[PDB]
Amino acid sequence: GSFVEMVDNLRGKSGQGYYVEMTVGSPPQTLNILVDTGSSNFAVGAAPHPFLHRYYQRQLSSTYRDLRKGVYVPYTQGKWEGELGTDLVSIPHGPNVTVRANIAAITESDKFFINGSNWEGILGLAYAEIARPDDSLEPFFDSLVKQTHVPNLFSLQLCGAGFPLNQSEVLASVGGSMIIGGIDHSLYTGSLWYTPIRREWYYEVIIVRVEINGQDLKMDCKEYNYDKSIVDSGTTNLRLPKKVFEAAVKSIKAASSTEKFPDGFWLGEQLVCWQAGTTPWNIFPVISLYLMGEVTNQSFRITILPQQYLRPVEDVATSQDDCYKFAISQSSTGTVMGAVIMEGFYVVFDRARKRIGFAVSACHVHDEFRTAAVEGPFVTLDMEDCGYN
Ligand SMILES: CC(C)C[C@H](NC(=O)[C@@H]1CC(=O)NCCCCCCOC(=O)N[C@@H](C(C)C)C(=O)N1)[C@@H](O)C[C@@H](C)C(=O)N[C@H](C(=O)NCc1ccccc1)C(C)C
């Protein structure tokens with residue numbers, strides 16, 4: 001019904017990511033672990049580093065176990081190298097349990113640890129399939145479901161402040177909430193629609209239709225799923241395949257033509273500024289992603305406002321304007337429904353019934369004229385075709 005215990009246990013923003021607190025080893029070594037549903041490794045910093053305020057100190061853990069096996073790991077933008085082992089892990093603000101899970105002690109890394117982010121590790125919530133080195137390194141959530149009773153399911157509620165926050169605010173703020181082994185009704189409104197999980201590797205879903213201000217982008221759906229479509233809390237923007245992305249931008253551009261912006265902006269690089277609280281939320285279009293449903297020939301949709309795709313950043317010269325960056329970029333690796341999009345809903349990663357939940361988050365940013373949404377059902381056909389093989 002509601003797990004008040006775990007509510008608000010997240011912290012951060014779509015920028016650097018939303019992390020949760022965990023203790024590694026004996027005695028407990030508190031560490032803020034970045035919540036990433038797009039990976040499967042549990043890797044914490046295990047050495048001193050420019051951007052780490054504290055790290056994993058095996059020499060001091062009485063239960064640390066060496067596996068004399070290393071691990072290299074590349075990321076769409078980054079990569080770390082570490083030494084595989086095991087230790088006792090616990091989630092302070094989570095189910096009351098202690099589980100032994102594989103911990104990849106990051107000993108060397110390039111462009112991975114974000115400066116200021118405030119998290120020293122990453123929790124790969126995905127499936128073995130994508131784990132490194134091989135699919136035999138039992139992801140953490142599995143160890144958890146195997147060693148305890150905790151239902152095999154977790155939900156996510158990421159909250160974007162809607163405005164830029166300073167490192168002080170981040171710390172003393174409620175990024176979001178990750179409910180371990182349950183669904184807390186207080187985090188969402190409306191019904192909760194479900195889309196099937198294609199293959200249990202990444203958290204893969206299938207998109208069947210895409211609209212901009214209601215105008216069907218009208219593309220062969222496969223293109224939307226080109227390569228694959230995933231729900232990855234570790235990615236910030238809404239990554240879209242070139243052919244699509246390009247169509248999307250042509251639309252978003254056209255719908256906001258009353259105002260023109262530099263190419264830089266549309267290419268997610270530079271920001272756009274507006275006088276304090278005068279941002280034209282209304283001249284920008286809403287994006288509606290149609291996801292496959294569980295009932296044959298039936299689909300539902302999620303709709304986001306520009307308060308989701310226009311990412312808040314600090315003023316060019318930290319003043320009084322309100323600025324953002326277009327947060328939709330092309331992807332050579334398919335579609336990535338990242339942090340932003342997620343910020344618009346309460347997602348139930350129900351691994352058990354192999355399906356992902358989507359509800360309107362009780363904490364998504366909006367105005368009094370438009371609200372995000374999860375509406376359904378819709379009679380569409382041959383959606384299995386939208387799939388990519
Ligand atoms: C802390 C951070 C480094 C975590 C990773 N995030 C990333 O790599 C994200 C992906 C993305 O599209 N974000 C959209 C916002 C763009 C903003 C503009 C700036 O973006 C950037 O240039 N870089 C970063 C930011 C955070 C600094 C970033 O955003 N990269 C994580 O999500 C990793 C995922 C995406 C990943 O790549 N997982 C592996 C994978 O899928 N690998 C496939 C592969 C195999 C062989 C070669 C290449 C890839 C898996 C095995 C663990």
# chains A, B, ... in the order shown; residues from 1 in each chain; ligands from 1
$ select_by_dssp --residues "range 13-239 of chain A" --states "helix (DSSP H, G or I)" --output "list in words"
residues 58, 59, 60, 128, 129, 130, 140, 141, 142, 143, 144, 145, 146, 147, 167, 168, 169, 170, 171, 185, 186, 187, 221, 222, 223 and 224 of chain A
$ residues_near_ligand --ligand "ligand 1" --cutoff "6 Å" --atoms "only C-alpha atoms and all ligand atoms" --output "ChimeraX atom specification"
/A:16,38-39,75-78,112,130,234-237,239
$ atom_distance --atom1 "CA of residue 292 in chain A" --atom2 "CA of residue 256 in chain A"
29.0 Å
$ residues_around --residues "residue 358 in chain A" --least-positions-apart "2" --cutoff "8 Å" --atoms "only C-alpha atoms" --output "VMD selection string"
chain A and resid 192 to 194 302 345 to 348 356 360 374
$ residues_around --residues "range 59-72 of chain A" --least-positions-apart "6" --cutoff "6 Å" --atoms "only C-alpha atoms" --output "PyMOL selection string"
chain A and resi 25-26+81-87+133
$ residues_around --residues "residue 379 in chain A" --least-positions-apart "2" --cutoff "7 Å" --atoms "only C-alpha atoms" --output "list in words"
residues 297, 298, 299, 377 and 381 of chain A
$ write_last_selection --atoms "N, CA and C atoms" --output "compact mmCIF listing (two decimals), in the first residue's frame"
# COMPACT_ATOMS: atom_id res chain seq x y z
N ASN A 297 -3.20 -6.18 -29.29
CA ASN A 297 -3.77 -5.07 -30.07
C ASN A 297 -4.35 -3.97 -29.21
N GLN A 298 -3.62 -3.59 -28.17
CA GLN A 298 -4.06 -2.53 -27.28
C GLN A 298 -2.81 -1.80 -26.77
N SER A 299 -2.82 -0.47 -26.85
CA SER A 299 -1.67 0.32 -26.39
C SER A 299 -2.10 1.50 -25.54
N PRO A 377 -7.05 2.92 -23.02
CA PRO A 377 -6.30 2.14 -24.01
C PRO A 377 -6.50 2.66 -25.44
N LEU A 381 -2.67 -2.04 -34.09
CA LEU A 381 -2.33 -3.41 -34.46
C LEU A 381 -0.86 -3.65 -34.77
$ residues_around --residues "residue 164 in chain A" --least-positions-apart "6" --cutoff "8 Å" --atoms "only C-alpha atoms" --output "short mmCIF file (atom, residue, chain, number, x, y, z; two decimals) with N, CA, C and O atoms, in the first residue's frame"
data_model
loop_
_atom_site.label_atom_id
_atom_site.label_comp_id
_atom_site.auth_asym_id
_atom_site.auth_seq_id
_atom_site.Cartn_x
_atom_site.Cartn_y
_atom_site.Cartn_z
N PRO A 312 16.39 22.28 -16.57
CA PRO A 312 16.83 23.49 -15.88
C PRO A 312 18.31 23.50 -15.50
O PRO A 312 18.80 22.55 -14.93
N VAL A 313 19.01 24.58 -15.84
CA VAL A 313 20.43 24.75 -15.52
C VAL A 313 20.62 26.14 -14.91
O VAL A 313 19.69 26.96 -14.91
N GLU A 314 21.80 26.43 -14.37
CA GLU A 314 22.02 27.75 -13.79
C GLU A 314 22.31 28.80 -14.85
O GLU A 314 22.91 28.52 -15.90
#
$ atom_distance --atom1 "CA of residue 283 in chain A" --atom2 "CA of residue 326 in chain A"
14.1 Å
$ residues_around --residues "residue 161 in chain A" --least-positions-apart "4" --cutoff "10 Å" --atoms "only C-alpha atoms" --output "short mmCIF file (atom, residue, chain, number, x, y, z; two decimals) with N, CA and C atoms, in the first residue's frame"
data_model
loop_
_atom_site.label_atom_id
_atom_site.label_comp_id
_atom_site.auth_asym_id
_atom_site.auth_seq_id
_atom_site.Cartn_x
_atom_site.Cartn_y
_atom_site.Cartn_z
N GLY A 12 19.24 14.22 -5.59
CA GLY A 12 19.89 14.63 -6.82
C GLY A 12 19.00 15.31 -7.84
N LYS A 13 19.42 15.25 -9.10
CA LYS A 13 18.68 15.86 -10.19
C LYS A 13 18.94 15.07 -11.48
N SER A 14 18.23 15.41 -12.55
CA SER A 14 18.41 14.69 -13.81
C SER A 14 19.81 14.93 -14.33
N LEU A 165 19.22 23.85 -8.87
CA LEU A 165 19.49 23.78 -7.44
C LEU A 165 20.99 23.87 -7.23
N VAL A 170 20.73 20.47 -3.25
CA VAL A 170 20.69 19.07 -3.65
C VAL A 170 20.73 18.23 -2.38
N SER A 173 17.64 18.23 0.01
CA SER A 173 16.44 18.17 -0.81
C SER A 173 16.03 16.70 -0.98
N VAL A 174 14.84 16.48 -1.53
CA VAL A 174 14.33 15.14 -1.74
C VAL A 174 14.29 14.74 -3.21
N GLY A 175 15.46 14.43 -3.77
CA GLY A 175 15.55 14.03 -5.16
C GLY A 175 14.36 13.25 -5.64
N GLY A 176 14.14 12.09 -5.02
CA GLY A 176 13.00 11.26 -5.38
C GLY A 176 12.78 10.14 -4.37
N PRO A 312 16.39 22.28 -16.57
CA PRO A 312 16.83 23.49 -15.88
C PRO A 312 18.31 23.50 -15.50
N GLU A 343 11.14 11.52 -14.85
CA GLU A 343 10.76 12.56 -13.91
C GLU A 343 9.29 12.90 -14.05
N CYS A 363 4.76 14.15 -8.29
CA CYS A 363 5.75 15.20 -8.12
C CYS A 363 6.37 15.71 -9.41
N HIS A 364 5.67 15.58 -10.52
CA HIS A 364 6.22 16.06 -11.77
C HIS A 364 5.90 17.55 -11.92
N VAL A 365 6.81 18.30 -12.53
CA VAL A 365 6.61 19.73 -12.74
C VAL A 365 5.56 19.95 -13.82
#
$ closest_atom_pairs --of "range 146-249 of chain A" --to "range 97-103 of chain A" --cutoff "10 Å" --atoms "only C-alpha atoms" --output "JSON lines"
{"residue": "A:146", "atom": "CA", "partner": "A:99", "partner_atom": "CA", "distance": 9.3}
{"residue": "A:147", "atom": "CA", "partner": "A:99", "partner_atom": "CA", "distance": 6.6}
{"residue": "A:148", "atom": "CA", "partner": "A:97", "partner_atom": "CA", "distance": 7.4}
{"residue": "A:149", "atom": "CA", "partner": "A:97", "partner_atom": "CA", "distance": 9.6}
{"residue": "A:150", "atom": "CA", "partner": "A:97", "partner_atom": "CA", "distance": 9.1}
$ closest_residue --among "A:131, A:310, A:88, A:44" --to "residue 104 in chain A" --atoms "only C-alpha atoms"
A:44
$ atom_distance --atom1 "CA of residue 171 in chain A" --atom2 "CA of residue 45 in chain A"
19.5 Å
$ closest_atom_pairs --of "range 162-212 of chain A" --to "range 385-389 of chain A" --cutoff "8 Å" --atoms "only C-alpha atoms" --output "CSV"
residue,atom,partner,partner_atom,distance
A:206,CA,A:387,CA,6.5
A:207,CA,A:386,CA,7.2
A:208,CA,A:386,CA,6.2
$ write_last_selection --atoms "N, CA, C and O atoms" --output "PDB file, in the first residue's frame"
ATOM      1  N   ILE A 206       8.735  -1.315 -25.937  1.00  0.00           N
ATOM      2  CA  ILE A 206       8.536  -1.054 -27.349  1.00  0.00           C
ATOM      3  C   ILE A 206       7.588   0.109 -27.550  1.00  0.00           C
ATOM      4  O   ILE A 206       6.509   0.155 -26.966  1.00  0.00           O
ATOM      5  N   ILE A 207       8.026   1.061 -28.364  1.00  0.00           N
ATOM      6  CA  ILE A 207       7.229   2.233 -28.670  1.00  0.00           C
ATOM      7  C   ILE A 207       6.499   1.964 -29.969  1.00  0.00           C
ATOM      8  O   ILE A 207       7.101   1.442 -30.903  1.00  0.00           O
ATOM      9  N   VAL A 208       5.214   2.306 -30.036  1.00  0.00           N
ATOM     10  CA  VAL A 208       4.452   2.059 -31.261  1.00  0.00           C
ATOM     11  C   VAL A 208       4.017   3.302 -32.017  1.00  0.00           C
ATOM     12  O   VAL A 208       3.737   3.217 -33.210  1.00  0.00           O
TER      13      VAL A 208
END
$ closest_residue --among "A:323, A:46, A:91, A:217" --to "residue 247 in chain A" --atoms "only C-alpha atoms"
A:217
$ closest_residue --among "A:230, A:47, A:126, A:383" --to "residue 295 in chain A" --atoms "only C-alpha atoms"
A:383
$ select_by_dssp --residues "range 222-371 of chain A" --states "strand (DSSP E)" --output "VMD selection string"
chain A and resid 229 to 231 238 to 241 272 to 274 287 to 292 299 to 304 310 to 313 322 to 326 328 to 331 335 to 337 345 to 350 355 to 361
$ closest_residue --among "A:221, A:240, A:352, A:372" --to "residue 287 in chain A" --atoms "only C-alpha atoms"
A:372
